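Remarks on the structure that follows.
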Amino acid sequence: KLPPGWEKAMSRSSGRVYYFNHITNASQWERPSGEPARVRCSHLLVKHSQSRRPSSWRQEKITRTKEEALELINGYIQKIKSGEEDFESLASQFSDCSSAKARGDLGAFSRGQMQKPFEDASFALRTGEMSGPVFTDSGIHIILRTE
Ligand SMILES: Nc1ccc(CC(=O)O)cc1
Ligand SMILES: [Cl-]
């Protein structure tokens, strides 16, 4: 009865069941809440040395490895989930995208405009829901669906 995209999983450290979405890479303890022409999303991008364009407003030459970029993404997700930091604040400070200046907001879009892994995650998110690490040719993203 699980919605499409979701599967049951088992915590290795605790043995508690949880749920994982293989389109958004989201994970949560609770059983998921069982298509819009357009969605609106914000994102936080962390680029790496294999990014299509290894440059951003933060850094002329982006040299961190993909594994280092994933570790940074994972740390931002932990702080957002703990409430220690707000998504909008981390995006303004640390996103390797020009949309950092707008708290990560990309505005609204339909299918056919974004890179495919980003588009698929954006449209599989519920309104208000955050993705896990999403990989594109630009880098690694945290995606927040706002509308
Ligand atoms: N700067 C930047 C990089 C990647 C994306 C997502 C996509 O292209 O699908 C959006 C903005
Ligand atoms: Cl929704």
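Ideal geometry is used to build each Cβ from the backbone, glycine not excepted, and the neighbour counts take in all protein chains shown. Numbers and lists here come from the model and the stated rules, or from a named source; these are not laboratory values.
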| message | Against the condition surrounded by 15 or more Cβ atoms within 10 Å (Cβ to Cβ) and assigned by CATH to the domain that holds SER131, how does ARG53 come out, does it pass? | response | no
| request: May I ask you to list the residues in the stretch 21-59 that are of a type in the set (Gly, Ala, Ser) and assigned to a loop (DSSP other than H, G, I, E, B)? | output: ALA26, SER33, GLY34, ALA37, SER49, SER51, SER55, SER56
| Odd one out for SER92 among (1) crowded, with 16+ Cβ neighbours inside 10 Å; (2) away from ligand 1 (no atom under 11 Å from the Cβ); (3) part of a loop (DSSP other than H, G, I, E, B); (4) over 14 Å from the mean Cα position of the chain (by Cα) | (3)
| task | With respect to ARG58, determine if the residue is over 19 Å from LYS116 (Cβ atoms), touching an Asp or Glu at 6+ places or on another chain (Cβ under 7 Å) and of a type outside the set (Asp, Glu). | result | yes
| task | Determine if the stretch 13-20 includes at least one residue that is surrounded by 12 or more Cβ atoms within 10 Å (Cβ to Cβ), part of a loop (DSSP other than H, G, I, E, B) and in contact with a strand residue (DSSP E or B) (Cβ under 7 Å, 6 or more places away or on another chain). | result | no
| note | For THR65, the lone unmet condition from (1) under 21 Å from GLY104 (Cα atoms); (2) out of contact with any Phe, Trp or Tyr (no Cβ under 8 Å at 6 or more places or on another chain); (3) not aromatic (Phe, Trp, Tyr) is (1)
| said: Restricting to the stretch 100-133, name every residue that is crowded, with 19+ Cβ neighbours inside 10 Å and among the hydroxyl-bearing types (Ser, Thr, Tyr). | reply: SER122, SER131
| field | Count - residues of the stretch 81-113 that are aliphatic (A, V, I, L, M) and in contact with a strand residue (DSSP E or B) (Cβ under 7 Å, 6 or more places away or on another chain) | value | 4
| query | Out of curiosity, is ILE77 closer than 19 Å to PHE20 by Cβ and away from ligand 1 (no atom under 16 Å from the Cβ)? | reply | yes
| query | Does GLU88 fit the bill of being of a type in the set (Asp, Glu) and farther than 28 Å from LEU2 by Cα? | reply | yes
| From the residues in the stretch 108-144 that are part of a helix (DSSP H, G or I), under 11 Å from the mean Cα position of the chain (by Cα) and farther than 14 Å from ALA37 by Cα, which one is nearest to ligand 2 (Cβ to nearest atom)? | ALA121
